[PDB]
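I have placed the structure first, in the form of structure tokens, so that the comments after it can refer back to it.
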Amino acid sequence: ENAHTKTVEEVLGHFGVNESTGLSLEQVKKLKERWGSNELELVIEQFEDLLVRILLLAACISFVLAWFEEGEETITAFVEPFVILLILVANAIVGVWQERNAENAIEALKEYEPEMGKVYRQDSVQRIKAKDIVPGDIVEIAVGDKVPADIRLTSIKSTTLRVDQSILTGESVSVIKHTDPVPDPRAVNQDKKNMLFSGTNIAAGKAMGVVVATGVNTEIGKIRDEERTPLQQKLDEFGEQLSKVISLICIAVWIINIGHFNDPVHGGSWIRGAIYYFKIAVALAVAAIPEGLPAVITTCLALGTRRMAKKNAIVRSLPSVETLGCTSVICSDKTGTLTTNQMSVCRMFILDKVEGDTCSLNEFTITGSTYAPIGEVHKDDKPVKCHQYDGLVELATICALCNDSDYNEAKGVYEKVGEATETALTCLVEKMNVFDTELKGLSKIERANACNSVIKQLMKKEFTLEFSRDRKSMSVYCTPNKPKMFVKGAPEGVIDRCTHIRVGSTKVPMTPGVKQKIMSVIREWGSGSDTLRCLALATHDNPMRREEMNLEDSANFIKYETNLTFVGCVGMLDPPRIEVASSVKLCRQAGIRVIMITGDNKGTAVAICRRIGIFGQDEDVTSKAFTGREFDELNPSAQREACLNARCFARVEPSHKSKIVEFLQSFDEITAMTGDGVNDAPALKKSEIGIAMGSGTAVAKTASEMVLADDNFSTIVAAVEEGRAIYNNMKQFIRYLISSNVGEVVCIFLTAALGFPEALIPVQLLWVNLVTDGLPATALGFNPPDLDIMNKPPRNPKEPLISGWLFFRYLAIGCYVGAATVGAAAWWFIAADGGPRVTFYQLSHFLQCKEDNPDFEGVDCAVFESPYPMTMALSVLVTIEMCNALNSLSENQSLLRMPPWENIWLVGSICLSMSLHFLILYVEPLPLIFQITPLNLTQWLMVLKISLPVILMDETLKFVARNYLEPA
Ligand SMILES: Nc1ncnc2c1ncn2[C@@H]1O[C@H](COP(=O)(O)OP(=O)(O)CP(=O)(O)O)[C@@H](O)[C@H]1O
Ligand SMILES: [Ca+2]
Ligand SMILES: [Ca+2]
Ligand SMILES: [Ca+2]
Ligand SMILES: [K+]
């Protein structure tokens with residue numbers, strides 16, 4: 001169906017629905033059975049990055065050398081392409097495997113928190129899943145809700161209705177809707193002002209309509225078909241900078257070896273020698289270039305996102321992970337975010353006697369802490385019947401009629417309809433029973449709305465003035481049923497607008513001494529151990545005429561609140577979440593300065609920061625907290641200075657929340673806002689990272705880079721930890737390959753400078769890449785979090801990636817790894833059991849091999865080109881670089897406190913590589929391409945003896961790191 005133009009009567013008759021009741025269970029069934037619910041090569045390809053493009057060229061030019069039918073050896077040339085291609089597809093499959101597991105955790109998280117919608121059906125308004133909405137349902141949504149499906153407006157409960165069409169049309173400015181018909185069918189969607197389209201957000205107003213499209217038939221579903229954190233741009237620069245350094249050395253090695261082209265090992269020709277050293281340069285390039293750098297990125301990000309899904313935290317922005325790591329300060333909302341978001345009225349007071357500055361007191365306490373309509377009114381450990389007091393009856397009238405706020409039969413609990421703060425005013429009226437009406441004969445769903453239904457019948461609701469966050473009050477005007485204005489709002493804001501007080505039923509003007517009697521108790525409830533929210537309850541006994549008043553401007557409603565009469569004030573208890581006290585404590589240990597940006601009273605906010613940990617109980621607050629009205633009354637010199645020191649902000653308007661973030665960003669402070677309502681939407685947008693609770697508004701979820709299905713605030717601390725756990729893993733990844741592959745460069749330069757036969761065959765240089773730089777390097781993405789991961793200071797994006805001291809340890813480790821594999825091959829010539837005994841100053845020039853060269857006779861003939869030194873160099877090179885992989889588990893922590901088995905993915909990786917190293921040397925057909933199996937008894941005891949002290953070379957510098965930890 002495409003019924004859009006015609007009036008509301010014909011579209012309701014098309015579906016055969018009633019606006020009051022709605023569809024039934026069997027009518028939704030058929031409609032659900034007719035339209036339905038309401039809702040590989042590129043995957044494998046990780047090869048798009050620049051570094052992968054190099055080995056693909058190196059694998060092709062190596063494939064061309066094998067096409068010449070010689071390759072210096074018919075079987076050896078065939079191995080060079082496979083060694084290069086195996087490491088590329090291996091790192092690709094592992095990275096896709098983690099993206100495979102990452103997509104499996106996101107889909108399971110979608111089932112954990114399905115989108116919700118507010119509907120009217122035959123079985124009060126109820127909320128169900130968004131996919132169960134069928135065409136014909138009656139849907140009523142308010143400010144902050146996301147439009148679930150295409151809806152034809154049938155009624156508007158406000159003076160205006162604004163809808164944000166930024167997702168569908170691209171218009172950032174909201175447009176005003178209406179229930180009037182439109183003339184033309186095929187007009188553009190921007191001219192359709194009587195339709196609510198899915199995906200759009202409600203900017204202002206509260207409307208109710210009928211659904212005309214679901215699932216695929218949705219208007220936004222028609223078009224829906226068809227870089228990360230400059231660190232990666234820096235990594236793309238790092239990959240480009242490191243490649244040019246390697247490219248400069250490889251072309252230099254080919255020039256250094258220009259004099260060795262004519263050696264007899266190559267065949268006695270410059271062409272025969274240039275090709276062999278051209279393969280040396282290519283084998284050195286492929287070995288030195290990091291292969292799994294694009295793979296460790298996907299590995300760490302797919303590991304982190306899958307760890308966040310385990311803790312039930314949605315990540316809507318992929319790059320927003322490591323931005324959390326560099327977060328300097330975090331500022332979060334209080335209500336719903338730092339509290340358990342459970343409102344219930346526990347205390348209440350009115351005025352008893354007033355004379356001059358002397359005023360008396362009375363305190364009414366409410367038992368029970370739930371949303372259930374059961375409780376007892378008590379005063380001084382004694383029950384109180386609230387029928388005698390006319391002030392409590394008028395107080396109950398304010399709590400009931402100025403509010404628009406259902407028993408769950410499945411779980412057997414009462415759930416709130418609307419906001420939680422207003423819901424506590426509803427259950428408060430039910431507990432009073434001011435008119436002494438019998439409540440036992442009614443059912444549970446009838447008991448929860450029993451006392452409010454009686455007041456609704458006694459006093460008719462004429463019209464309502466919407467709540468605004470700037471004037472901090474909600475005004476309603478009532479009239480007895482057969483043909484009074486009373487307002488509730490902020491205590492410090494309404495009492496100033498109250499010029500009268502009603503002692504019992506007698507109204508007398510406001511006394512400045514009695515005004516302070518009320519505020520002192522409000523502060524004691526706010527700053528006490530209870531930390532209660534207070535709501536001033538007033539009534540305007542000189543109500544203005546209806547049409548004499550204007551409802552177009554919400555800011556003009558302050559004139560309508562002049563000459564109020566104070567009735568009373570109620571207290572509400574919303575305990576903080578049991579994990580928030582530890583969250584700020586770990587944020588203090590991580591250098592993150594926690595800020596509380598809320599709109600409630602400062603007396604309530606400063607008492608929280610003392611309980612939670614933002615402020616110490618022994619700490620005093622001199623200039624570390626300000627109200628919104630005090631924040632604007634500070635000189636510009638102290639205006640910015642307060643943003644750096646103050647860890648709490650109260651009574652701020654939604655326009656001031658976005659500014660506080662802007663003042664922090666001016667000092668280059670990385671911020672993170674956590675909010676639940678549309679109040680925080682300008683702040684969530686403006687901030688670097690936005691956080692919205694799972695029970696928060698959908699507008700806050702859209703602007704937030706994270707959504708917490710489990711609204712526990714402890715996830716924020718673990719979220720910053722994971723962004724800091726991907727950073728150090730990328731450090732250990734670069735820490736491993738650089739410090740190891742520099743020794744590969746030191747190896748080749750040392751053999752030429754010392755005067756020994758060159759270290760390894762180009763195939764022997766490509767093999768160590770497949771073993772040392774492959775799956776052992778990718779397994780570093782699975783490293784466990786470091787011991788000091790949440791105590792070390794945060795990251796500054798202005799500073800370079802590699803520190804000055806870290807560049808030193810890259811060389812210090814590279815000097816030993818390079819000299820160990822050369823000294824191993826040197827050991828075979830100097831003193832070897834199975835080898836010759838030829839020292840005589842290492843016979844620095846080995847080029848003299850025949851015949852019985854004078855003054856170097858030699859015990860035997862020329863034994864160069866023998867595999868025993870070459871394999872000795874590779875046996876240690878593979879072994880010493882596996883011992884270096886154990887050093888990359890932590891940054892500065894000793895290995896006796898970070899055991900090697902903390903990373904299970906690496907231990908099994910080294911055993912697979914060492915077995916692959918052993919499978920290669922010991923299986924008879926393989927040592928033709930490779931050269932010769934070494935000795936088992938004596939050599940491996942020497943390989944282990946040489947490859948072991950590299951662990952000592954690393955832990956002694958961690959001792960220096962444990963002595964003092966500075967970048968340098
Ligand atoms: N619906 C309502 N009617 C009357 N007064 C309200 C009200 N909602 C809040 N107030 C009061 O107005 C003052 C302003 O509160 P505001 O709504 O601007 O921030 P908040 O802290 O309540 C939202 P958050 O959950 O994000 O912390 C509060 O002190 C509150 O007591
Ligand atoms: Ca490599
Ligand atoms: Ca909130
Ligand atoms: Ca290597
Ligand atoms: K943002």
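Counting begins at 1 with the first residue displayed.
The header says X-ray crystallography, 4.0 Å.
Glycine too: its Cβ is placed from the backbone N, Cα and C atoms.
As recorded in Swiss-Prot, the features of this protein are as follows:
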TOPO_DOM  60-79  topological domain 'Lumenal'
TRANSMEM  80-100  transmembrane segment
TRANSMEM  236-255  transmembrane segment
TOPO_DOM  256-277  topological domain 'Lumenal'
MOD_RES   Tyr276  3'-nitrotyrosine
MOD_RES   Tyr277  3'-nitrotyrosine
TRANSMEM  278-295  transmembrane segment
ACT_SITE  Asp333  active site, 4-aspartylphosphate intermediate
BINDING   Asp333, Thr335, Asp676  Mg(2+) binding site
BINDING   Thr335, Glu422, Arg469, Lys488, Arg533, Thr598, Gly599, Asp600, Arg651, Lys657, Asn679  ATP binding site
REGION    549-568  region 'Interaction with HAX1'
TRANSMEM  731-750  transmembrane segment
TOPO_DOM  751-760  topological domain 'Lumenal'
TRANSMEM  761-781  transmembrane segment
TRANSMEM  802-824  transmembrane segment
TOPO_DOM  825-870  topological domain 'Lumenal'
DISULFID  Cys849-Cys861  disulfide bond
TRANSMEM  871-890  transmembrane segment
TRANSMEM  904-922  transmembrane segment
TOPO_DOM  923-937  topological domain 'Lumenal'
TRANSMEM  938-958  transmembrane segment
Exercise for the section: Might you confirm whether the transmembrane segment (278-295) is in contact with the transmembrane segment (236-255), defined here as three or more C-beta pairs under 8 A between residues 6 or more apart in sequence? Expected result: yes
Completion exercise
Ranked by Cβ pairs within a distance under 8 Å of the transmembrane segment (904-922), the first of 80-100, 761-781, 871-890, 938-958 is 761-781
Handout entry: Top Cα neighbour of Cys849 (disulfide bond) in the set of recorded positions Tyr276, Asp333, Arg469, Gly599, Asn679
Key = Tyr276
Fill in the blank from the handout: Residues outside the transmembrane segment (731-750) whose C-beta sits under 8 Å from one of its C-beta atoms, at least 6 past its ends, are 238, 249, 253, 280, 284, 287-288, 290, 292-293, 296, 758-760, 765, 768, 772-773, 776-777, 780-781, 783, 801-802, 806, 809-811, 813-822, 873, 877, 880-881, 884-885, 888-891
Exercise for the section: Using DSSP with the three-state reduction, classify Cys849 (disulfide bond) as helix, strand or coil. Expected result: coil
Problem - For the transmembrane segment (871-890): best-contacting stretch of 80-100, 278-295, 802-824, by Cβ pairs under 8 Å - result: 802-824
Practice task
Pick the one among the binding-site residues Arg469, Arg533 whose Cβ has the fewest other Cβ atoms within 10 Å in this structure.
Solution key: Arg469
Fill in the blank from the handout: Distance in Å, whole number, Cα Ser405 to Cα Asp406 over 2 unmodelled residues, equals 10
Exercise for the section: Filter the candidate list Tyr276, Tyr277, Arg651, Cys849 of recorded positions, keeping only entries whose CB is under 6 Å from an atom of ligand 1. Expected result: none
Handout entry: Folded-back contacts onto the topological domain 'Lumenal' (923-937), same chain, C-beta under 8 angstroms, at least six residues removed
Key = 73, 75-76, 79, 761, 763-764, 767, 834, 866-868, 870-872, 875
Completion exercise
Filtered by Cβ under 8 Å and at least 6 apart in sequence, the residues in the chain of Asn679 (ATP binding site) near it are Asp333, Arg469, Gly599, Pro654, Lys657
Fill in the blank from the handout: For the topological domain 'Lumenal' (60-79), the DSSP helix/strand/coil residue counts are 9 helix, 0 strand, 11 coil
Completion exercise
Between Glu226 and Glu227 the deposited chain skips 6 residues, and the Cα-to-Cα distance in Å rounds to 20
Exercise for the section: Return one of helix, strand or coil for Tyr276 (3'-nitrotyrosine), based on DSSP. Expected result: helix
